[PDB]
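A quick write-up on the structure given underneath.
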């Protein structure tokens, strides 16, 4: 049993979470899909040739301070807030679906079977999207090791190419992250609307 | 075969464990959800600009480089929240294991409800395993970047690496607060709904 | 094979010693351990109101823009570890004793009357899951001093980095919370084993029924 | 709620117009392009020894360059990996939005989509490994060239650098074949099953 | 198939059958009483965990640091006990595989009895393989710990670590004697109970 | 239903005809030739050594150090081995794709023809798992033999590092031996299962 | 065509090999190996007698020889490892060519082959680890001897070298046992099921 103020706090949280998820679904998701579609179409993520990304690598070949790649860093400043929201909004929507699961009763509860099927997808997206924050910190750590190795031993030509190839790979990774983040919204937005009857009220009322 | 007096002190454990779980779930869980919803709404975990977070990194392009102040103040509030949720999860998990009746052939749906609720508690436990070690990993990873930046000042990536770990750590605190809020919320939800079958699966 | 009249004496004396142990163990040892560990949780040694009270003196000379003294291990954690180490010893030995008892209670394999066997297999499934947890606790204490020693040694080597001093303090804060989890886990391991065995003891000892 | 159907359907109709045009024109084009690229004398040499880059280390140090004959092939391979991973990722999402409302019983039209979706996931496994291996190649060769110069008295490190090149030539040749086969397999399975993939229920 | 070749193989089956029945009859009962007696000796029942601590002679601002003599004398007794059980397990496993009859259509239950008893033998083989290389890891880890203590004498944790590894290896050697005792006891139990079906699974022909 | 351009559609059908025309000539001519060529290569005295002491690469370190060469006897075998791994991995990938194009429309009825293809395709994955590891095997050998020779030169007093280098050569010889056996068996087993099931692989549903 | 001949000479060569192989080689190898175990080389009464002379001044140091008593056993082990892995691979491939056309239903003759083939995969999983562990031994001993000479004050690195020697000796005893049991189990299961393996339909 719960006393009335306890039941108030949880039910206010449910209606706050419902009020968000309904609004989030209606406005935020279409807007985000349109924004990320346009962001892919911009000339920043449509580099005709990948050689123009090649940052200046100042090392004396037989060392001066070499800053990081500017053309990648500016894209990471736009990507980092776009990763932030999906991880929150997916986690918000996932939590909403968990609270919509009714009491566990006998038989082939098909409304529950639909919820678990939609919930299974939300776990699969959560697998893909969790990797991206560490992959930004990984890039600078891996590039820092490559730039240091190039400076430590300038006679090895591969360590110079390594720093340029990590930049070309990171550019492609960032464009995949935006595409995945666009398609994460689009698939969620589609699958929830299609099954919204059974997700909200699985048994019927 | 058991001695009556030794049996009695095990019955005291179950009674206080049941007396905890009711009073605990009744007040502690709603209160924690309200507090962690408020904590997410505060301006500490709603930094409008991520550029405002980046702490001073003093290395001559050697003076002492401090830890990021604004992350340590948040970690001081987060650490007691991780302690509590993992304690109360472990508490409730144990209560549900003792509610499992004798393993019999007939009348096992009440048991099957407990096993599905117990399945969720292990999945939360799996998520809340990582938060213990996460804080020690951050200072180890950040220190390594600060040391590498000081050891080799010509590499600009190690300077960026330290600021990026601070941005990544801030967001990881943000997700951890949400996860602990949602951990309480989902536990409260499922136990409150299924409380009839969890406490008394067979009936009686 | 008919073995040997004295050979069966070796095994059945072990069987009866294990049956005498497990029955006496279950009745008297488990309730004592659950109450002792509940009392140990209640004690102020595992109820630090502030964790910064545990902070060990980390004496390293901090440099400025113009060798080390002896850095000790955390006293307040080590005293708790010396209390936990015999508790980990006991539960792993008694779990291994009880798991062995249950395996010798498994009857000769028939295709029919196998429900009583299926009860034992479900109880054994839990004992396997406890063995998974408590095997990890033994090497955790070694890993604490290993990781702290690495942090302390390296904080001394690079004293300009402030994160490593904080790291050593955070390992002590993390280790304290970890120890408190282990005492709970070990209390709950005794509590859960006692419950499931006492409830199902009819089918565990005599599965076919007699 | 009903406006939400207009915004989501316009995106589906946009993604349909992209995918259907792309699948008809782009996939046949790419298969002929990559099949021709394999038949070129760049990817077919009579002896693998001609790749062998000049490795100048004083045997008892000067600058050692990368293998030029591999680098020029990597300049042609990198845009091909970029494209196929984007179009596969696009087609994956097109199939996910075609999945109808989840309804009771074993409806076969959905099972066709899941069978085709399993293949797209299996191709996704192969094509993800291609991206990071190019960075891995230069890292491993950079370690080998450094180690060879560090200790010139060992002959194996001299041989290692040549072997990484001759192996990378083989790896680049497979990656072109795999990406050619990825287009061919996707085109074949979607074209055949297009009736059930687009309209599984049939209204 | 050849005449005298058959003789070379069936003598090995006779040798393995004669080994197993004599082994199971006398060796296993003996090993259980001996290993239980080992566990009750005062070497493996140290009343206080401080007494096992070895002298760690390093100057705190290097001289020879010996191995823990109380653990080394225990390892001299444990090593042959590991050797014996790992061999007799591997012998008993092979005997059971040769008792598997021809694979006939459908399901015969006598074969399912063998596969259930065989499943346990492979599960025990997993446990007893870990014991062999863990002794080499103990000395490798203690050597590293002592070397780190000697290289940095200002660090008090490395001193503790070396005493913690000795406390852990004592309590590990404690379990390894119990596990090998329990391996014999469970193997004797399961084979003696099911011997009718293990030896002759299709009944008497 | 999808509409594709008639010239674009003509481009793909030519690739199907290229793969079927290759596979048909490839399966009949190349595979039995390769199996007999590899069986001969195993029988040659290069790959059969009773005495493994002859392999010993003369390791010169003063018990500053002079040049240590690779094992010449292994390197000459690797020059013959590398083009064999090239071909079998390419021809496997050719035939693997030929199965995937032969998979008909996913239908409710008459699915045994499809189950035959999926069983044969299952083997072609298991071979692809084994034949992947042979590619990087050679890179690992010279990398590990180098590290062994470098350690031996760095620390001459340890006699085990000298033995290590000879033991990697003996292992690599017995490895190369095995990898030629596997590639012969890969050609043999593919030829067997494809020839036996060819009716159901090519035309699974029936004839139209 | 004439290419069909090339494969049929290879198949009937493999079928001729497998009958000669199984009929003589496997019985001989089981007896040969079981004799190996009975010899006093692998039956050391006390493990302390294998302890190699570890000469380090308790940094400059003299030559530490490899363990002679383990190396002589490794000279005998290596040719026995070679043989099993080659004959296992020969027999595995023979069984794969014995697999008939994939026909409808669930023909049990095929199911017998698949069960016997499953065992040959499990033995292969066991034996591939034996090959690289000899390289692992000298690599791990070489590092342990180096660490002992580098830092002579550490007593554990001296003990570590003698423990690898005892551990390797015991590992060679098991590798011979496993190789004996690999031939014995293969001979048993193939000979028992030979009717269904050769002609399943």
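Residue numbers (UniProt numbering), protein chains in the order written: chain G, 5 to 66, 101 to 243; chain D, 5 to 65, 101 to 243; chain W, 4 to 69, 100 to 243; chain F, 7 to 66, 101 to 243; chain V, 6 to 66, 101 to 244; chain R, 3 to 65, 100 to 244; chain U, 8 to 65, 99 to 241. Quick reminder that beta carbons are idealized off the backbone N, C-alpha and C, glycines included.
Exercise. Roughly how many whole angstroms lie between the Cα atoms of residue 121 of chain G and residue 221 of chain G?
Worked result: Position 83 of the first chain holds residue 121 of chain G. Position 183 of the first chain holds residue 221 of chain G. Their Cα atoms are separated by approximately 13 Å.
For this session: Determine the DSSP secondary structure at residue 65 of chain G, reduced to helix, strand or coil.
Result: As a position in the first chain, residue 65 of chain G is number 61, starting the count at 1. Reduced to three states, the DSSP call for residue 65 of chain G is coil.
For this session: Using the DSSP secondary-structure output, state which residues sit across from residue 194 of chain V in a beta bridge.
Result: Stepping through the fifth chain from its first residue, residue 194 of chain V is reached at position 155. The partner list for residue 194 of chain V (beta bridge, DSSP) reads W/104.
Exercise. Going by C-alpha distance, which of U/179, U/231, U/217, U/210 is nearest residue 53 of chain U?
Worked result: Position 46 of the seventh chain, counting from 1, holds the residue named residue 53 of chain U. Checking every option, the nearest Cα to that of residue 53 of chain U belongs to U/210.
For this session: Assuming residue 198 of chain F contacts residue 128 of chain F (C-beta within less than 8 Å), just tell me the rounded distance between them.
Result: Working through the fourth chain from its first residue, we reach residue 198 of chain F at position 158. Working through the fourth chain from its first residue, we reach residue 128 of chain F at position 88. The pair is not a contact, with the Cβ atoms about 40 Å apart (cut-off 8 Å).
For this session: Report the three-state DSSP secondary structure of residue 15 of chain D (helix, strand or coil).
Result: Locating residue 15 of chain D in the second chain gives position 11, counting from the first residue. In this structure, residue 15 of chain D counts as helix in the three-state DSSP scheme.
Problem set entry | Interfacial residues, the stretch 172-194 of chain U to chain R, with Cβ spacing under 8 Å | 172, 174, 175, 178, 179, 181, 182, 185, 186, 189
Exercise. How many Å lie between residue 27 of chain U and residue 138 of chain U at the Cα?
Worked result: As a position in the seventh chain, residue 27 of chain U is number 20, starting the count at 1. As a position in the seventh chain, residue 138 of chain U is number 98, starting the count at 1. Each residue's alpha carbon lies about 17 Å from the other.
Exercise. Using 8 Å as the Cβ pair cut-off and three pairs as the minimum, do the stretch 154-167 of chain R and the stretch 156-172 of chain F touch?
Worked result: no
Exercise. Three-state secondary structure (DSSP) at residue 141 of chain W?
Worked result: To locate residue 141 of chain W, count along the third chain from 1; it is residue 108. Residue 141 of chain W falls in the coil class under three-state DSSP.
Exercise. Is residue 168 of chain D buried or exposed, if buried means 16 or more other CB atoms sit within 10 Å of its CB?
Worked result: What you label residue 168 of chain D is simply residue 129 of the second chain in a count that begins at 1. Exposed, because fewer than 16 other Cβ atoms sit within 10 Å of the Cβ of residue 168 of chain D.
Problem set entry | 8 Å CB neighbourhood of residue 252 of chain R in its chain, flanking five on each side removed | A query on residue 252 of chain R cannot be resolved here, the shown segment of chain R reaching from 3 to 244 and no further.
Exercise. Would you say residue 181 of chain D and residue 233 of chain D are within 9 Å of each other, going by their C-beta atoms?
Worked result: Walking along the second chain from the start, residue 181 of chain D turns up at place 142. Walking along the second chain from the start, residue 233 of chain D turns up at place 194. No. Outside cutoff.
Exercise. Taking Cβ-Cβ distances shorter than 8 Å, what residues in chain D pair up with residue 5 of chain G?
Worked result: Here residue 5 of chain G refers to the residue found at position 1 of the first chain. Chain D residues near residue 5 of chain G: 26, 30.
For this session: Using alpha carbons as the reference points, say which of V/237, V/126, V/219 lies closest to residue 166 of chain V.
Result: As a working mapping, residue 166 of chain V is identified with position 127 in the fifth chain. Checking every option, the nearest Cα to that of residue 166 of chain V belongs to V/219.
For this session: Taking 9 Å as the cut-off, decide whether the C-beta atoms of residue 194 of chain W and residue 188 of chain W are in contact.
Result: Position 161 of the third chain, counted from the start, is the residue given in the question as residue 194 of chain W. Position 155 of the third chain, counted from the start, is the residue given in the question as residue 188 of chain W. The answer is yes: Cβ separation under 9 Å.
Exercise. Who are the near neighbours of residue 5 of chain G in its chain, counting only those whose CB is closer than 8 Å to its CB and skipping five residues on each side?
Worked result: Indexing the first chain from 1 puts residue 5 of chain G at position 1. No residues qualify anywhere along the chain.
Problem set entry | Selection from W/102, W/68, W/64, W/66 that minimises the alpha carbon distance to residue 66 of chain V | Against the fifth chain, residue 66 of chain V aligns to sequence position 61. Taking only the C-alpha atoms, the option nearest residue 66 of chain V is W/102.
Exercise. Would you say residue 164 of chain U and residue 207 of chain R are within 9 Å of each other, going by their C-beta atoms?
Worked result: The residue you call residue 164 of chain U lines up with position 124 of the seventh chain. The residue you call residue 207 of chain R lines up with position 171 of the sixth chain. It is not a contact, given that the beta carbons lie outside the stated cut-off.
For this session: Take residue 146 of chain W and list the residues in its own chain whose beta-carbon comes closer than 7 Å to its own, dropping the five residues that flank it on each side.
Result: For the purposes of this step, residue 146 of chain W is taken as the residue at position 113 of the third chain. Within the same chain, residue 146 of chain W has close Cβ partners 241.
Exercise. Is it right to say residue 133 of chain G is buried, meaning 16 or more other beta carbons lie within 10 angstroms of its own, or is it exposed?
Worked result: The sequence position of residue 133 of chain G within the first chain is 95, counting from 1. By the neighbour-count rule (16 or more Cβ atoms within 10 Å), residue 133 of chain G is buried.
Problem set entry | CB contact flag (residue 205 of chain D, residue 59 of chain D, <9 Å) | If you number the second chain from 1, residue 205 of chain D lands on position 166. If you number the second chain from 1, residue 59 of chain D lands on position 55. A contact, by the Cβ cut-off of 9 Å.
Exercise. Mapping DSSP to helix, strand and coil, what is residue 239 of chain D?
Worked result: In the second chain, residue 239 of chain D corresponds to position 200, counting from 1. If DSSP states are grouped into helix, strand and coil, residue 239 of chain D belongs with coil.
For this session: Taking residue 35 of chain F as the reference, give the member of F/123, F/109, F/104 with the closest Cα.
Result: Stepping through the fourth chain from its first residue, residue 35 of chain F is reached at position 29. Of the candidates F/123, F/109, F/104, the one whose C-alpha sits nearest the C-alpha of residue 35 of chain F is F/123.
For this session: Grab the span of the alpha helix (DSSP H) containing residue 39 of chain G for me, first residue to last.
Result: Locating residue 39 of chain G in the first chain gives position 35, where the first residue counts as 1. It spans 33-45 - the alpha helix (DSSP H) in which residue 39 of chain G sits, taken as one unbroken run.
For this session: Under 8 Å Cβ to Cβ from residue 25 of chain D, same chain only, skipping five residues before and after it: list those, please.
Result: Sequence index remark: in the second chain, residue 25 of chain D carries index 21 (1-based). The answer, listed in chain order, is 130, 131, 134.
Exercise. Taking the alpha-carbon positions, what's the residue 151 of chain D to residue 223 of chain D distance?
Worked result: For the purposes of this step, residue 151 of chain D is identified with residue 112 of the second chain, where counting begins at 1. For the purposes of this step, residue 223 of chain D is identified with residue 184 of the second chain, where counting begins at 1. Each residue's alpha carbon lies about 22 Å from the other.
Exercise. Which value, in whole angstroms, describes the spacing of the CA atoms of residue 51 of chain W and residue 173 of chain F?
Worked result: Numbered from its first residue, the third chain carries residue 51 of chain W at position 48. Numbered from its first residue, the fourth chain carries residue 173 of chain F at position 133. When rounded, the distance between both Cα atoms is 51 Å.
Exercise. Where does residue 55 of chain V sit, in a helix, a strand or coil, going by DSSP?
Worked result: Counting from one through the fifth chain, the residue named residue 55 of chain V turns up at place 50. DSSP places residue 55 of chain V in coil when its eight states are reduced to three.
Exercise. If we cut at 9 Å on Cβ distances, does residue 38 of chain U have a partner in chain V?
Worked result: What you label residue 38 of chain U is simply residue 31 of the seventh chain in a count that begins at 1. Taking Cβ atoms only, chain V reaches closer than 9 Å to residue 38 of chain U, which makes this a yes.
Exercise. Under 9 Å, do residue 57 of chain W and residue 212 of chain W count as touching if we go by C-beta distance?
Worked result: The count along the third chain starts at 1 and reaches residue 57 of chain W at position 54. The count along the third chain starts at 1 and reaches residue 212 of chain W at position 179. No, the pair does not count as a contact, with Cβ atoms beyond the cut-off.
For this session: Out of G/16, G/14, G/239, G/178, point me to the one whose CA is closest to residue 203 of chain D's CA.
Result: The count along the second chain starts at 1 and reaches residue 203 of chain D at position 164. Ranking the options by Cα distance to residue 203 of chain D, first place goes to G/178.
Exercise. Hey, would you say residue 33 of chain V sits closer than 9 Å to residue 226 of chain V, going by beta carbons?
Worked result: Numbered from 1 along the fifth chain, position 28 holds the residue referred to as residue 33 of chain V. Numbered from 1 along the fifth chain, position 187 holds the residue referred to as residue 226 of chain V. Cβ atoms of residue 33 of chain V and residue 226 of chain V: closer than 9 Å.
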